[PDB]
$ cat target.cif   # mmCIF, C-alpha atoms and all ligand atoms; chains and numbers go by the auth columns
data_model
loop_
_atom_site.group_PDB
_atom_site.id
_atom_site.type_symbol
_atom_site.label_atom_id
_atom_site.label_comp_id
_atom_site.label_asym_id
_atom_site.label_seq_id
_atom_site.Cartn_x
_atom_site.Cartn_y
_atom_site.Cartn_z
_atom_site.B_iso_or_equiv
_atom_site.auth_seq_id
_atom_site.auth_asym_id
ATOM 1 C CA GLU A 1 11.152 -27.684 -17.284 0.00 657 A
ATOM 2 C CA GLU A 2 11.373 -23.907 -17.745 0.00 658 A
ATOM 3 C CA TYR A 3 12.907 -21.673 -20.406 0.00 659 A
ATOM 4 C CA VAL A 4 15.463 -18.903 -19.855 0.00 660 A
ATOM 5 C CA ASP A 5 15.878 -15.395 -21.241 0.00 661 A
ATOM 6 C CA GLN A 6 18.257 -14.703 -24.113 0.00 662 A
ATOM 7 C CA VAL A 7 19.798 -11.519 -22.668 0.00 663 A
ATOM 8 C CA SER A 8 20.067 -10.006 -19.195 0.00 664 A
ATOM 9 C CA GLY A 9 19.455 -6.328 -19.970 0.00 665 A
ATOM 10 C CA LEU A 10 21.129 -3.291 -21.487 0.00 666 A
ATOM 11 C CA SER A 11 24.483 -4.154 -19.846 0.00 667 A
ATOM 12 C CA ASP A 12 24.977 -7.380 -21.813 0.00 668 A
ATOM 13 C CA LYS A 13 27.986 -8.202 -23.980 0.00 669 A
ATOM 14 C CA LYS A 14 25.803 -8.338 -27.101 0.00 670 A
ATOM 15 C CA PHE A 15 24.802 -4.681 -26.639 0.00 671 A
ATOM 16 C CA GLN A 16 28.301 -3.389 -25.816 0.00 672 A
ATOM 17 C CA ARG A 17 30.390 -5.505 -28.238 0.00 673 A
ATOM 18 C CA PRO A 18 28.170 -6.567 -31.157 0.00 674 A
ATOM 19 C CA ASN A 19 31.053 -7.211 -33.569 0.00 675 A
ATOM 20 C CA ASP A 20 32.780 -9.845 -31.384 0.00 676 A
ATOM 21 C CA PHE A 21 30.200 -12.587 -32.218 0.00 677 A
ATOM 22 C CA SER A 22 28.287 -14.199 -35.088 0.00 678 A
ATOM 23 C CA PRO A 23 26.738 -11.840 -37.707 0.00 679 A
ATOM 24 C CA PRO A 24 26.019 -8.852 -35.516 0.00 680 A
ATOM 25 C CA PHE A 25 23.017 -8.482 -33.238 0.00 681 A
ATOM 26 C CA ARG A 26 20.361 -6.193 -34.733 0.00 682 A
ATOM 27 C CA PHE A 27 18.660 -3.803 -32.309 0.00 683 A
ATOM 28 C CA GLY A 28 17.271 -0.309 -32.738 0.00 684 A
ATOM 29 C CA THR A 29 14.647 2.193 -31.666 0.00 685 A
ATOM 30 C CA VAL A 30 12.570 5.066 -33.037 0.00 686 A
ATOM 31 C CA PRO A 31 14.287 8.472 -32.676 0.00 687 A
ATOM 32 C CA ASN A 32 12.849 11.777 -31.403 0.00 688 A
ATOM 33 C CA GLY A 33 11.913 10.357 -27.998 0.00 689 A
ATOM 34 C CA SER A 34 13.064 10.065 -24.385 0.00 690 A
ATOM 35 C CA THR A 35 14.699 6.631 -24.671 0.00 691 A
ATOM 36 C CA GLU A 36 17.039 7.915 -27.394 0.00 692 A
ATOM 37 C CA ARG A 37 18.038 10.845 -25.177 0.00 693 A
ATOM 38 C CA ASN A 38 18.604 8.426 -22.287 0.00 694 A
ATOM 39 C CA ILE A 39 20.753 6.067 -24.374 0.00 695 A
ATOM 40 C CA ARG A 40 22.759 8.883 -25.985 0.00 696 A
ATOM 41 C CA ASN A 41 23.936 10.304 -22.651 0.00 697 A
ATOM 42 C CA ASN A 42 24.949 6.905 -21.227 0.00 698 A
ATOM 43 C CA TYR A 43 26.230 4.959 -24.274 0.00 699 A
ATOM 44 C CA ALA A 44 27.824 6.507 -27.364 0.00 700 A
ATOM 45 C CA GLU A 45 28.962 3.539 -29.468 0.00 701 A
ATOM 46 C CA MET A 46 25.751 1.658 -28.672 0.00 702 A
ATOM 47 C CA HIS A 47 23.772 4.796 -29.547 0.00 703 A
ATOM 48 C CA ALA A 48 25.439 5.006 -32.964 0.00 704 A
ATOM 49 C CA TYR A 49 25.068 1.265 -33.590 0.00 705 A
ATOM 50 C CA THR B 1 0.222 -14.362 -2.720 0.00 749 B
ATOM 51 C CA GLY B 2 -1.944 -12.170 -4.975 0.00 750 B
ATOM 52 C CA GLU B 3 -1.474 -9.109 -7.134 0.00 751 B
ATOM 53 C CA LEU B 4 -0.704 -5.497 -6.218 0.00 752 B
ATOM 54 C CA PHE B 5 -3.252 -2.868 -5.198 0.00 753 B
ATOM 55 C CA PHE B 6 -3.067 0.766 -4.070 0.00 754 B
ATOM 56 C CA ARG B 7 0.144 1.361 -6.001 0.00 755 B
ATOM 57 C CA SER B 8 1.801 4.411 -4.493 0.00 756 B
ATOM 58 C CA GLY B 9 5.536 5.175 -4.141 0.00 757 B
ATOM 59 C CA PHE B 10 7.821 6.545 -1.451 0.00 758 B
ATOM 60 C CA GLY B 11 8.871 10.166 -1.103 0.00 759 B
ATOM 61 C CA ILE B 12 10.673 12.693 1.075 0.00 760 B
ATOM 62 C CA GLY B 13 8.374 14.742 3.294 0.00 761 B
ATOM 63 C CA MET B 14 9.107 18.455 3.544 0.00 762 B
ATOM 64 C CA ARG B 15 7.104 21.471 4.767 0.00 763 B
ATOM 65 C CA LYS B 16 5.309 23.730 2.286 0.00 764 B
ATOM 66 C CA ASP B 17 7.429 26.863 2.846 0.00 765 B
ATOM 67 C CA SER B 18 10.715 25.047 2.283 0.00 766 B
ATOM 68 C CA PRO B 19 13.392 26.471 -0.041 0.00 767 B
ATOM 69 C CA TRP B 20 14.849 22.986 -0.624 0.00 768 B
ATOM 70 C CA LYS B 21 11.617 21.544 -2.062 0.00 769 B
ATOM 71 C CA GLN B 22 12.710 22.286 -5.654 0.00 770 B
ATOM 72 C CA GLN B 23 16.328 21.073 -5.612 0.00 771 B
ATOM 73 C CA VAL B 24 15.417 17.643 -4.210 0.00 772 B
ATOM 74 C CA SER B 25 12.985 16.736 -7.017 0.00 773 B
ATOM 75 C CA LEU B 26 15.638 17.666 -9.610 0.00 774 B
ATOM 76 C CA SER B 27 18.176 15.332 -7.959 0.00 775 B
ATOM 77 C CA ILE B 28 15.971 12.230 -7.728 0.00 776 B
ATOM 78 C CA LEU B 29 15.026 12.383 -11.419 0.00 777 B
ATOM 79 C CA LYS B 30 18.710 12.862 -12.274 0.00 778 B
ATOM 80 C CA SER B 31 19.694 9.701 -10.227 0.00 779 B
ATOM 81 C CA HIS B 32 17.187 7.625 -12.117 0.00 780 B
ATOM 82 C CA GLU B 33 18.687 8.342 -15.560 0.00 781 B
ATOM 83 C CA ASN B 34 22.397 7.748 -14.825 0.00 782 B
ATOM 84 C CA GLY B 35 22.063 4.440 -12.966 0.00 783 B
ATOM 85 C CA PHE B 36 22.669 5.728 -9.434 0.00 784 B
ATOM 86 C CA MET B 37 19.623 4.051 -7.842 0.00 785 B
ATOM 87 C CA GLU B 38 20.274 0.700 -9.419 0.00 786 B
ATOM 88 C CA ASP B 39 23.620 0.279 -7.492 0.00 787 B
ATOM 89 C CA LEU B 40 21.661 1.016 -4.309 0.00 788 B
ATOM 90 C CA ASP B 41 19.061 -1.598 -5.335 0.00 789 B
ATOM 91 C CA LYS B 42 21.416 -4.485 -6.174 0.00 790 B
ATOM 92 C CA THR B 43 23.415 -3.956 -2.969 0.00 791 B
ATOM 93 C CA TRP B 44 20.759 -3.932 -0.228 0.00 792 B
ATOM 94 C CA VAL B 45 17.496 -5.097 -1.822 0.00 793 B
ATOM 95 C CA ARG B 46 18.511 -7.684 -4.446 0.00 794 B
ATOM 96 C CA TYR B 47 20.737 -10.512 -3.213 0.00 795 B
ATOM 97 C CA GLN B 48 18.091 -13.228 -3.374 0.00 796 B
ATOM 98 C CA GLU B 49 19.606 -15.847 -0.986 0.00 797 B
ATOM 99 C CA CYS B 50 16.809 -18.527 -1.207 0.00 798 B
HETATM 100 N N1 LIG C . 7.074 9.031 -24.097 0.00 1 C
HETATM 101 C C1 LIG C . 8.162 9.443 -24.976 0.00 1 C
HETATM 102 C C2 LIG C . 7.952 8.890 -26.386 0.00 1 C
HETATM 103 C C3 LIG C . 7.906 7.370 -26.460 0.00 1 C
HETATM 104 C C4 LIG C . 9.249 6.726 -26.169 0.00 1 C
HETATM 105 O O1 LIG C . 10.286 7.402 -26.335 0.00 1 C
HETATM 106 O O2 LIG C . 9.267 5.542 -25.774 0.00 1 C
HETATM 107 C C5 LIG C . 8.282 10.962 -25.020 0.00 1 C
HETATM 108 O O3 LIG C . 7.367 11.684 -24.624 0.00 1 C
HETATM 109 O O4 LIG C . 9.299 11.507 -25.453 0.00 1 C
#

$ encode --input "target.cif" --output "structure tokens"
Amino acid sequence: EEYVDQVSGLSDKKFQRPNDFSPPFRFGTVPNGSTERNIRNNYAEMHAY
Amino acid sequence: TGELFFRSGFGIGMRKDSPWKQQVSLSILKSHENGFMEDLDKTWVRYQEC
């Protein structure tokens, strides 16, 4: 047999609507970088979460 | 079969005394941060039929 991934990427439902499930998915990053600037310009609610 | 070697990417060739050589490099980096080149990748390069 072969396992499968839990998510499909940054465009998954768990990253866009975390409150619509079980106790919410916990994801974060370290600020003051380039990934934070990339996420902030493309996703606002996800950036705040 | 095998791994990758001589990893180099594709580019747009332009002559040295070209006025457009600065505005093209600022448009490719801008299309990599807004998701413009991933629509072009999933449309022509990524329907894996078999
Ligand atoms: N390489 C990033 C920092 C590390 C990261 O954001 O993943 C920068 O120079 O801003």

$ closest_residue --input "target.cif" --among "A:669, A:689, A:664, A:674" --to "ligand LIG 1 (chain C)" --atoms "only C-alpha atoms and all ligand atoms"
A:689

$ atom_distance --input "target.cif" --atom1 "atom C4 of ligand LIG 1 (chain C)" --atom2 "CA of residue 781 in chain B"
14.3 Å

$ interface_residues --input "target.cif" --of "chain B" --to "chain A" --cutoff "12 Å" --atoms "all atoms listed in the file" --output "ChimeraX atom specification"
/B:778,780-783

$ residues_near_ligand --input "target.cif" --ligand "ligand LIG 1 (chain C)" --cutoff "10 Å" --atoms "all atoms listed in the file" --output "ChimeraX atom specification"
/A:685-694

$ residues_around --input "target.cif" --residues "range 753-763 of chain B" --least-positions-apart "5" --cutoff "10 Å" --atoms "only C-alpha atoms" --output "PyMOL selection string"
chain B and resi 768-769+772-773+776

$ atom_distance --input "target.cif" --atom1 "CA of residue 682 in chain A" --atom2 "CA of residue 665 in chain A"
14.8 Å

$ atom_distance --input "target.cif" --atom1 "CA of residue 684 in chain A" --atom2 "CA of residue 663 in chain A"
15.3 Å

$ axis_aligned_box --input "target.cif" --around "range 684-687 of chain A" --padding-each-side "4 Å" --output "JSON"
{"center_x": 14.9, "center_y": 4.1, "center_z": -32.4, "size_x": 12.7, "size_y": 16.8, "size_z": 9.4}

$ residues_around --input "target.cif" --residues "residue 672 in chain A" --least-positions-apart "3" --cutoff "10 Å" --atoms "only C-alpha atoms" --output "number ranges by chain"
A: 666-669, 675-676, 699, 701-702, 705

$ decode --input "target.cif" --residues "chain A" --atoms "C-alpha atoms" --output "CSV table (one decimal), in the first residue's frame"
chain,number,residue,atom,x,y,z
A,657,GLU,CA,0.0,0.0,0.0
A,658,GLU,CA,1.0,3.7,0.0
A,659,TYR,CA,0.1,6.6,2.2
A,660,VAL,CA,-1.4,10.0,1.1
A,661,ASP,CA,-0.8,13.6,2.0
A,662,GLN,CA,-3.0,15.4,4.6
A,663,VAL,CA,-3.3,18.6,2.6
A,664,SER,CA,-2.9,19.7,-1.0
A,665,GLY,CA,-1.2,23.0,-0.6
A,666,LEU,CA,-1.9,26.6,0.4
A,667,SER,CA,-5.2,26.6,-1.5
A,668,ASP,CA,-6.8,24.0,0.8
A,669,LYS,CA,-10.1,24.5,2.7
A,670,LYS,CA,-8.2,24.1,6.0
A,671,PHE,CA,-6.1,27.2,5.3
A,672,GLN,CA,-8.9,29.4,4.0
A,673,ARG,CA,-11.7,28.3,6.4
A,674,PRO,CA,-10.2,27.1,9.6
A,675,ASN,CA,-13.2,27.7,11.8
A,676,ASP,CA,-15.6,25.4,9.7
A,677,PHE,CA,-14.1,22.2,11.1
A,678,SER,CA,-12.9,20.5,14.3
A,679,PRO,CA,-10.9,22.6,16.8
A,680,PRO,CA,-9.1,24.9,14.4
A,681,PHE,CA,-6.0,24.0,12.4
A,682,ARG,CA,-2.9,25.5,13.9
A,683,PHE,CA,-0.3,26.9,11.4
A,684,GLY,CA,2.1,29.8,11.6
A,685,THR,CA,5.4,31.2,10.5
A,686,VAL,CA,8.2,33.4,11.7
A,687,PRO,CA,7.7,37.1,10.8
A,688,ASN,CA,10.2,39.6,9.3
A,689,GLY,CA,10.8,37.5,6.2
A,690,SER,CA,9.9,37.1,2.6
A,691,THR,CA,7.2,34.4,3.1
A,692,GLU,CA,5.2,36.7,5.4
A,693,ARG,CA,5.4,39.5,2.8
A,694,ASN,CA,4.2,37.0,0.1
A,695,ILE,CA,1.3,35.7,2.2
A,696,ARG,CA,0.2,39.2,3.3
A,697,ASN,CA,-0.2,40.4,-0.3
A,698,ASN,CA,-2.2,37.4,-1.4
A,699,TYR,CA,-4.2,36.3,1.7
A,700,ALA,CA,-5.4,38.7,4.4
A,701,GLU,CA,-7.6,36.6,6.7
A,702,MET,CA,-5.1,33.7,6.5
A,703,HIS,CA,-2.3,36.2,7.2
A,704,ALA,CA,-4.0,37.4,10.4
A,705,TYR,CA,-4.9,33.8,11.4
